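Peer 1: Chains as they are written, first to last, in the numbering used here: chain A, 1 to 126; chain B, 127 to 567; chain C, 568 to 692; chain D, 693 to 817; chain E, 818 to 924.
The C-beta atom is built at its ideal place from N, Cα and C for all residues, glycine as well.
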Amino acid sequence: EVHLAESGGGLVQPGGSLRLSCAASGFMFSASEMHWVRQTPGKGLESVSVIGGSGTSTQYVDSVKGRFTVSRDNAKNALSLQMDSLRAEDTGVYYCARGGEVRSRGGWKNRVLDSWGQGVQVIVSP
Amino acid sequence: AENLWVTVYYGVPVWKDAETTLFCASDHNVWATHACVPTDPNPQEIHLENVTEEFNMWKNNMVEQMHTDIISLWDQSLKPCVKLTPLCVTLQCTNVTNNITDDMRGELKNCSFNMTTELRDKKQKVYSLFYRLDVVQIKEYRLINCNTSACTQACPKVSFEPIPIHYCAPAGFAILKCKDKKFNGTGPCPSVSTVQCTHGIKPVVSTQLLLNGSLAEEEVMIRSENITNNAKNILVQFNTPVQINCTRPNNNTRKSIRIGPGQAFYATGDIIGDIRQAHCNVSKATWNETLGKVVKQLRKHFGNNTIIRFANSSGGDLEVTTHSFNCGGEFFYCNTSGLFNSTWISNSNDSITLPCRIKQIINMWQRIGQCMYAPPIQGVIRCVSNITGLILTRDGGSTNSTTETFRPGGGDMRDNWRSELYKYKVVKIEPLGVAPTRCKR
Amino acid sequence: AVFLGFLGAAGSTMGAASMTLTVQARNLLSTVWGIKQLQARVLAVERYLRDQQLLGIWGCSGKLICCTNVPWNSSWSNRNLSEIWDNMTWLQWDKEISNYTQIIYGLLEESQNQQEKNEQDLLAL
Amino acid sequence: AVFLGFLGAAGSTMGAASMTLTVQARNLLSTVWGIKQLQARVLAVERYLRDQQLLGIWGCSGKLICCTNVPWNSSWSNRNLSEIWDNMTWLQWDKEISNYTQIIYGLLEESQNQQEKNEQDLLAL
Amino acid sequence: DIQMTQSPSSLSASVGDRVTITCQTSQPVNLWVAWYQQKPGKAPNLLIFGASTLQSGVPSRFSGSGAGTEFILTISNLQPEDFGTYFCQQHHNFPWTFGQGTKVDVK
Ligand SMILES: *[C@@H]1O[C@H](CO)[C@@H](O[C@@H]2O[C@H](CO)[C@@H](O[C@@H]3O[C@H](CO)[C@@H](O)[C@H](O[C@H]4O[C@H](CO)[C@@H](O)[C@H](O)[C@@H]4O[C@H]4O[C@H](CO)[C@@H](O)[C@H](O)[C@@H]4O)[C@@H]3O)[C@H](O)[C@H]2NC(C)=O)[C@H](O)[C@H]1NC(C)=O
Ligand SMILES: *[C@@H]1O[C@H](CO)[C@@H](O[C@@H]2O[C@H](CO)[C@@H](O[C@@H]3O[C@H](CO)[C@@H](O)[C@H](O)[C@@H]3O)[C@H](O)[C@H]2NC(C)=O)[C@H](O)[C@H]1NC(C)=O
Ligand SMILES: *[C@@H]1O[C@H](CO)[C@@H](O[C@@H]2O[C@H](CO)[C@@H](O)[C@H](O)[C@H]2NC(C)=O)[C@H](O)[C@H]1NC(C)=O
Ligand SMILES: *[C@@H]1O[C@H](CO)[C@@H](O[C@@H]2O[C@H](CO)[C@@H](O)[C@H](O)[C@H]2NC(C)=O)[C@H](O)[C@H]1NC(C)=O
Ligand SMILES: *[C@@H]1O[C@H](CO)[C@@H](O[C@@H]2O[C@H](CO)[C@@H](O)[C@H](O)[C@H]2NC(C)=O)[C@H](O)[C@H]1NC(C)=O
Ligand SMILES: *[C@@H]1O[C@H](CO)[C@@H](O[C@@H]2O[C@H](CO)[C@@H](O)[C@H](O)[C@H]2NC(C)=O)[C@H](O)[C@H]1NC(C)=O
Ligand SMILES: *[C@@H]1O[C@H](CO)[C@@H](O[C@@H]2O[C@H](CO)[C@@H](O)[C@H](O)[C@H]2NC(C)=O)[C@H](O)[C@H]1NC(C)=O
Ligand SMILES: *[C@@H]1O[C@H](CO)[C@@H](O[C@@H]2O[C@H](CO)[C@@H](O)[C@H](O)[C@H]2NC(C)=O)[C@H](O)[C@H]1NC(C)=O
Ligand SMILES: *[C@@H]1O[C@H](CO)[C@@H](O[C@@H]2O[C@H](CO)[C@@H](O)[C@H](O)[C@H]2NC(C)=O)[C@H](O)[C@H]1NC(C)=O
Ligand SMILES: *[C@@H]1O[C@H](CO)[C@@H](O[C@@H]2O[C@H](CO)[C@@H](O)[C@H](O)[C@H]2NC(C)=O)[C@H](O)[C@H]1NC(C)=O
Ligand SMILES: *[C@@H]1O[C@H](CO)[C@@H](O)[C@H](O)[C@H]1NC(C)=O
Ligand SMILES: *[C@@H]1O[C@H](CO)[C@@H](O)[C@H](O)[C@H]1NC(C)=O
Ligand SMILES: *[C@@H]1O[C@H](CO)[C@@H](O)[C@H](O)[C@H]1NC(C)=O
Ligand SMILES: *[C@@H]1O[C@H](CO)[C@@H](O)[C@H](O)[C@H]1NC(C)=O
Ligand SMILES: *[C@@H]1O[C@H](CO)[C@@H](O)[C@H](O)[C@H]1NC(C)=O
């Protein structure tokens with residue numbers, strides 16, 4: 001069974017920095033893409049960032065580009081998100097998810113966020 | 127390394143464009159259902175998931191096939207009927223002045239003439255009433271068609287009521303239908319299905335207005351092969367229908383005259399009571415709302431700040447100039463001048479009344495040398511119909527003027543069939559295929 | 568909906584579409600209007616017989632998935648099975664390889680007779 | 693010239709003519725004038741189906757050169773293979789043996805059923 | 818970025834009712850749309866992927882369809898456990914944009 005556990009959240013002031021860790025088990029970590037998603041209170045979901053299997057390919061949304069950094073450790077099967085210059089809009093619940101390969105009924109292969117973590121709360125307030 | 131070998135597969139799902147001959151499927155009439163196969167009570171349609179097809183309503187062979195079949199059926203229906211060859215005689219006509227209004231003065235002529243009978247020796251003097259459009263002066267008049275050809279009298283038993291017809295492809299072929307709404311009849315349709323037969327289509331014959339047609343499911347639609355060019359007609363499909371009530375209030379009477387052995391000619395004996403013009407009524411507020419929707423849609427293609435004008439028809443034959451149709455066996459030609467008369471600038475219970483004229487000598491299709499005589503119908507006539515589309519033509523269109531004027535169109539009946547088969551096409555399957563595989567025989 | 572049935576596998580991959588050849592195979596066979604219907608019916612039988620003869624001549628008579636002896640030439644197509652049988656549709660493959668159809672037919676025709684001759688020779692002993 | 697093709701091997705020996713059966717096999721299938729054309733097409737289809745049925749009944753379905761179990765009677769013909777397969781044409785042989793055609797057909801038909809029955813009996817065990 | 822629009826924004830339905838949610842994209846995404854469900858205080862759970870494929874273990878009442886730039890999620894037989902916030906996500910090109918969320922609650 002796939003298991004993902006998040007940690008490292010809490011309270012931070014505006015302009016501070018914070019590291020969120022996600023421990024994964026129950027699957028081949030090196031061969032699965034990893035996603036960081038955030039849910040702001042009272043709003044919908046948003047994909048903060050993505051990192052590939054090899055760890056060389058990383059992408060982020062425009063709202064967090066240049067501030068959020070995503071990294072992975074395949075030996076430890078761990079994922080890390082370093083956030084800097086945090087703002088009030090960054091407050092919310094951060095989830096780490098796996099992009100699992102699935103086959104449609106037509107025989108085509110794509111990747112979806114099959115498994116998610118419990119989430120971790122980050123509050124950016126003075 | 128690959129060590130691949132050729133493999134034959136039978137039944138591969140591949141199709142190609144093709145043309146074939148479709149056949150009947152239906153649930154005394156001119157549109158003979160006797161030779162048409164019964165329709166299945168539960169037709170089957172298969173939606174093709176993740177299949178995109180190319181469609182072009184202006185290159186459909188189904189329209190040509192339907193036109194040819196309709197013409198053939200019309201020709202066949204008139205074969206066992208009386209031929210009015212003796213009717214070409216010198217008629218002596220006078221004006222009728224018995225209880226007529228101002229607008230119906232001279233519309234009817236009381237004509238007496240000699241005629242043959244069952245015996246080739248004897249002759250009989252008879253009289254009848256004719257329309258001014260059917261008699262041409264030679265006090266002595268003659269039928270308009272006498273110097274062109276002698277045509278048959280439509281048999282009184284057959285009915286001109288349209289009946290739905292379903293078109294079915296043969297084995298080894300398939301019919302693809304586009305279920306994508308807002309599809310304008312040309313381009314890629316992403317939502318496709320395979321249907322064994324086409325839905326019921328009524329072969330309604332009319333000009334300047336589509337009657338008893340199908341309504342768009344989303345909003346008013348505009349279709350044209352080349353909207354920039356003025357020579358191509360514009361097909362407008364409404365979202366909601368407009369009720370039109372047509373009526374001939376004259377109380378007609380029919381009398382049979384024996385012109386030979388087992389041959390009778392039906393004539394209008396006399397009119398009981400007052401004589402008044404037949405006419406049609408159309409709701410005013412509904413028509414205004416429909417025209418508002420139409421101009422709103424037209425502004426998309428012809429600029430957001432242009433002036434949109436509706437005016438009268440240019441000219442030509444009576445069939446193309448006026449709204450021509452048939453109701454209850456009587457052929458009406460209505461003057462649609464009060465409808466398409468307005469201007470639009472970017473920014474209760476009264477009904478529009480259209481007078482109409484009835485005709486008996488008919489040339490339904492654009493053919494010369496084959497007319498048709500409609501026998502008179504006894505009693506007053508009334509009918510109600512749905513307006514669900516228009517055929518419009520752009521005048522001029524040069525860059526000198528920013529004002530766009532549209533006028534009623536028609537004439538060619540292929541447009542009537544094209545308005546229903548715009549979301550259908552026919553293909554033929556190619557089951558055999560070759561691929562690479564790792565076997566070895 | 569009736570998504571699956573007859574041509575429902577048109578949008579699926581070749582590997583998935585190869586599992587439902589029978590539903591396409593079945594339907595290939597089945598006063599003025601009667602003449603047109605008869606004329607239409609006359610052509611379907613001819614097409615079916617042509618297809619059956621073409622299949623039988625190659626030695627794959629009475630088979631829906633029949634492999635043969637002629638090897639695949641790399642010139643006609645360079646794509647490998649990895650991106651064909653589960654990353655392509657039958658329509659796309661037919662469109663790509665519609666140009667090179669007849670040569671494989673001729674090769675199969677000339678290959679079948681050699682196998683027949685060899686079988687006769689072995690049975691002669 | 694197009695000396696070879698369809699019936700080009702008519703004048704050759706039976707051994708040489710047996711190498712090109714496929715060219716003959718292919719071509720067997722393919723307002724007032726249309727009626728005649730339709731009649732001819734119907735007759736051709738009927739003839740092709742008759743030939744296919746006759747081939748199938750003998751157990752040589754889907755084969756161009758198929759030997760069988762019925763032995764050759766010396767009474768019908770006495771010439772040996774030495775003066776037949778390379779010293780005679782197919783037309784000459786058909787002309788010579790046009791009389792004795794039906795008996796061999798009946799023998800083949802009655803022989804096929806026994807083989808089918810024996811195969812069923814063997815598979816029963 | 819591809820913009821995702823959901824409809825209706827919120828809805829109240831009773832047990833046994835049929836629920837239909839529509840999702841629209843500004844640009845074609847083939848059929849790479851996935852429908853997820855979220856309960857209060859829980860992470861999202863996938864129901865549909867590929868716009869018509871049901872995830873293993875999900876009840877058969879959930880279904881998805883559509884094409885072009887319009888996709889539909891259908892819950893035929895609403896149950897007490899299906900109430901929550903439904904989202905439609907496109908995963909054809911990065912970024913993978915989610916919808917605004919449709920909240921289905923007890924009437
Ligand atoms: C669009 O659709 C609408 C509705 O579908 C169409 O309007 C309908 O039109 C039909 C045909 O006109 C009409 O049906 C007639 O109703 C009359 C009044 O009830 C009937 O009297 C008439 O029956 C006569 O005609 C039949 C053949 O059509 C005969 O079989 C029948 O025996 C009757 O004929 C006898 O009587 C006449 C007159 O006395 C006599 O000359 C004969 O010898 C014979 O003795 C039809 O049943 C519907 O009532 C209309 N519907 C409505 C709601 O009004 C409309 O026409 C369509 N538009 C177009 C353009 O086609
Ligand atoms: C519905 O059908 C369409 C096509 O009929 C499917 O789109 C196809 O999706 C696959 C994804 O596996 C694409 O594969 C891609 O191939 C390119 C080749 O260069 C490669 O670079 C990519 O990495 C990827 O592997 C394929 O190209 C694409 N088809 C087209 C014509 O673009 C679609 O997936 C189907 N729907 C579903 C839900 O599967
Ligand atoms: C059309 O003309 C005929 C003939 O003139 C009219 O029939 C005559 O009607 C008068 C009075 O109604 C009779 O006295 C005559 O005997 C009738 N003539 C015949 C030959 O019967 C007929 O009424 C006229 N119809 C109309 C509408 O004016
Ligand atoms: C029906 O036929 C009669 C007889 O031919 C026509 O009456 C003749 O008309 C011509 C020309 O007007 C005269 O020269 C004859 O003297 C008339 N003969 C008789 C006996 O009247 C009569 O006009 C014809 N009917 C119609 C309507 O023209
Ligand atoms: C739609 O009609 C316009 C008008 O005729 C076409 O454009 C013309 O094309 C002809 C072709 O030789 C030129 O001579 C004209 O100068 C063009 N006129 C304009 C105003 O462009 C146009 O090509 C048609 N549409 C299509 C798709 O062919
Ligand atoms: C079309 O509209 C006209 C009025 O514009 C109608 O005329 C009236 O018809 C009724 C019939 O019951 C008469 O009682 C009235 O006296 C008529 N009034 C006028 C001013 O003509 C006509 O009936 C309508 N026809 C149809 C078929 O709806
Ligand atoms: C055409 O005729 C229909 C009836 O055949 C008319 O419908 C009537 O509309 C009036 C409104 O003015 C209602 O009071 C009646 O109850 C309706 N009758 C029926 C049977 O529904 C319709 O209004 C007519 N159209 C026009 C433009 O006059
Ligand atoms: C549309 O309206 C115009 C004028 O409003 C009509 O033109 C009239 O045509 C008649 C018949 O030829 C002439 O007697 C009039 O003098 C014309 N009027 C004008 C002002 O020129 C035109 O006929 C109408 N359309 C139809 C089809 O009748
Ligand atoms: C159709 O109706 C219009 C409107 O009544 C007719 O136009 C009128 O025609 C008469 C000639 O009979 C003129 O005296 C009027 O001045 C015209 N009115 C307008 C507003 O132009 C038109 O003629 C009718 N169509 C036909 C073929 O007669
Ligand atoms: C004119 O249009 C109306 C509305 O589309 C038709 O009434 C519909 O008829 C269908 C029958 O197939 C029913 O299923 C709908 O419920 C009806 N709708 C309404 C609002 O009544 C009407 O039948 C049409 N008239 C003609 C002659 O075709
Ligand atoms: C009949 O009436 C019309 C219109 O009033 C007139 O033109 C014609 O000359 C009249 N014919 C007669 C009185 O013979
Ligand atoms: C018949 O007569 C009308 C009017 O007199 C004329 O317009 C028409 O051309 C004539 N027909 C022929 C074939 O000349
Ligand atoms: C409308 O028709 C034009 C004709 O060229 C076509 O290009 C366009 O794609 C059509 N609209 C849609 C939505 O397909
Ligand atoms: C027409 O005339 C006949 C005969 O007098 C009569 O029975 C019928 O009622 C009349 N029709 C109308 C609509 O008045
Ligand atoms: C056409 O519309 C004008 C108003 O723009 C009006 O004065 C005229 O009477 C109308 N003509 C007809 C025949 O209704």
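Quick test of your reading: residue 86(A) and residue 15(A), contact by CB under 8 Å. State the CB separation rounded to the nearest angstrom.
Peer 2: That belief holds up - the Cβ atoms of residue 86(A) and residue 15(A) are roughly 7 Å apart, short of 8 Å.
Peer 1: With distances taken from each beta carbon to the nearest heavy atom of ligand 7, which residues come in below 7 Å, in chain order?
Peer 2: Result (chain order): 369(B), 371(B), 407(B), 408(B), 409(B), 475(B), 477(B) and 510(B).
Peer 1: Is the stretch 541-559 of chain B touching the stretch 296-304 of chain B, taking contact as three or more C-beta pairs under 8 Å?
Peer 2: Verdict: yes, contact present.
Peer 1: Look up residue 739(D) in the DSSP assignment and say whether it is helix, strand or coil.
Peer 2: Residue state, collapsed to three classes: helix.
Peer 1: Which residues, in order along the stretch 840-852 of chain E, keep a beta-carbon less than 7 Å from a beta-carbon of chain B?
Peer 2: From the stretch 840-852 of chain E, only 848 have a Cβ closer than 7 Å to chain B.
Peer 1: How is the beta strand (DSSP E) around residue 25(A) delimited, first residue to last?
Peer 2: Residue 25(A) -> beta strand (DSSP E) spans 17-25.
Peer 1: Taking the alpha-carbon positions, what's the residue 102(B) to residue 391(B) distance?
Peer 2: This structure does not reach residue 102(B), given that chain B is present from 127 up to 567, and the question cannot be answered.
Peer 1: Along chain B, which residues have their Cβ under 8 Å away from the Cβ of residue 885(E)?
Peer 2: What residue 885(E) touches in chain B: 306, 316 and 317.
Peer 1: Answer with buried or exposed for residue 667(C), where buried requires no fewer than 16 other C-beta atoms within 10 angstroms of its C-beta.
Peer 2: The residue is exposed, with fewer than 16 neighbouring Cβ atoms inside 10 Å.
Peer 1: Taking all protein chains shown into account, decide if residue 173(B) is buried (16 or more other Cβ within 10 angstroms of its Cβ) or exposed.
Peer 2: Flag for residue 173(B) reads buried.
Peer 1: Jot down the residue ranges of each uninterrupted beta strand (DSSP E) in the stretch 458-523 of chain B, minimum 3 residues, whole runs only, in chain order.
Peer 2: Those beta strand (DSSP E) runs which fall completely within the stretch 458-523 of chain B and span 3+ residues are 468-470, 477-485 and 507-520.
Peer 1: Does residue 6(A) pass the burial test, meaning 16 or more other C-beta atoms within 10 Å, or should it be called exposed?
Peer 2: The residue is buried, with at least 16 neighbouring Cβ atoms inside 10 Å.
Peer 1: Assign residue 660(C) to one of three DSSP states: helix, strand, or coil.
Peer 2: Three-state result, residue 660(C): helix.
Peer 1: Report buried or exposed for residue 543(B), applying the criterion of at least 16 other Cβ atoms within 10 angstroms of its Cβ.
Peer 2: Residue 543(B) comes out buried.
Peer 1: Find the residues of chain D that neighbour residue 642(C), judging by a C-beta separation of less than 9 Å, and give them in chain order.
Peer 2: Under the 9 Å cutoff, chain D gives no residues; its nearest Cβ is about 25 Å from residue 642(C).
Peer 1: Comparing the CB of residue 512(B) with every heavy atom of ligand 1, is any distance shorter than 8 Å?
Peer 2: Because some heavy atom of ligand 1 lies under 8 Å away, the Cβ of residue 512(B) counts as near it: yes.
Peer 1: Is it a yes or a no for the stretch 23-32 of chain A touching the stretch 886-894 of chain E, going by three-plus beta-carbon pairs under 8 Å?
Peer 2: Too few Cβ pairs lie closer than 8 Å, so no.
Peer 1: Scan the stretch 858-909 of chain E and note each continuous alpha helix (DSSP H) run of 4 residues or more that stays entirely inside, going in chain order.
Peer 2: Taking only runs of at least 4 residues, no alpha helix (DSSP H) segment lies wholly in the stretch 858-909 of chain E.
Peer 1: Considering only the beta carbon of each residue, do residue 679(C) and residue 624(C) sit closer than 9 Å?
Peer 2: For residue 679(C) and residue 624(C), yes; Cβs fall inside 9 Å.
Peer 1: For residue 759(D), is the classification buried or exposed, using 16 other Cβ atoms within 10 angstroms of its Cβ as the cut-off for buried?
Peer 2: Exposed.
Peer 1: Between the stretch 665-682 of chain C and chain D, which residues of the former have CB atoms less than 9 Å from a CB of the latter, in chain order?
Peer 2: Against chain D - using a Cβ distance shorter than 9 Å - the residues of the stretch 665-682 of chain C are 676, 677, 679 and 680.
Peer 1: Cβ-heavy atom distance between residue 505(B) and ligand 14 below 8 Å?
Peer 2: True, at least one ligand heavy atom lies under 8 Å from that Cβ.
Peer 1: Taking residue 496(B) as the query, report the chain C residues whose CB atoms sit under 7 Å from its CB, ordered along the chain.
Peer 2: Within chain C, no residue comes near residue 496(B); the closest Cβ sits about 18 Å away, beyond 7 Å.
Peer 1: Would you say the stretch 475-491 of chain B touches the stretch 344-353 of chain B, given that touching needs at least three Cβ pairs under 8 Å?
Peer 2: Too few Cβ pairs lie closer than 8 Å, so no.
Peer 1: With 9 Å set as the bound, which would you pick, yes or no: does the beta-carbon of residue 579(C) sit closer than that to a beta-carbon of chain A?
Peer 2: It does: the Cβ of residue 579(C) has a partner Cβ on chain A nearer than 9 Å.
Peer 1: I'd like the span of the beta strand (DSSP E) that includes residue 452(B), first residue to last.
Peer 2: Here the beta strand (DSSP E) through residue 452(B) covers 449-453.
Peer 1: Is any heavy atom in ligand 6 found nearer than 8 Å to the beta carbon of residue 449(B)?
Peer 2: No, since every heavy atom of ligand 6 falls outside the 8 Å radius drawn around the Cβ of residue 449(B).
Peer 1: Would you tell me roughly how many angstroms separate the C-alpha atoms of residue 737(D) and residue 728(D), rounded to the nearest one?
Peer 2: Spanning the two alpha carbons is a distance of roughly 14 Å.
Peer 1: With a CB to CB cut of under 8 Å and the five nearest residues on each side skipped, what residues in its chain are close to residue 134(B)?
Peer 2: Excluding residues within five positions, the ones whose Cβ falls inside 8 Å are 558, 559 and 560.
Peer 1: What residues in its chain sit with their C-beta under 7 Å from that of residue 230(B), if we drop five residues either side in the sequence?
Peer 2: Same-chain partners within the cutoff: 401, 402 and 403.
Peer 1: Using a Cβ cut-off of 8 Å, which residues of the stretch 862-883 of chain E contact any Cβ in chain G, in chain order?
Peer 2: Looking for chain G here will not work: the only protein chains present are A, B, C, D and E.
Peer 1: Does residue 914(E) come out as helix, strand or coil in the three-state DSSP assignment?
Peer 2: If DSSP states are grouped into helix, strand and coil, residue 914(E) belongs with coil.
Peer 1: Which same chain residues end up closer than 8 Å to residue 577(C) when comparing Cβ atoms and leaving out the 5 residues on each side of it in sequence?
Peer 2: Excluding residues within five positions, the ones whose Cβ falls inside 8 Å are 584, 656, 657 and 658.
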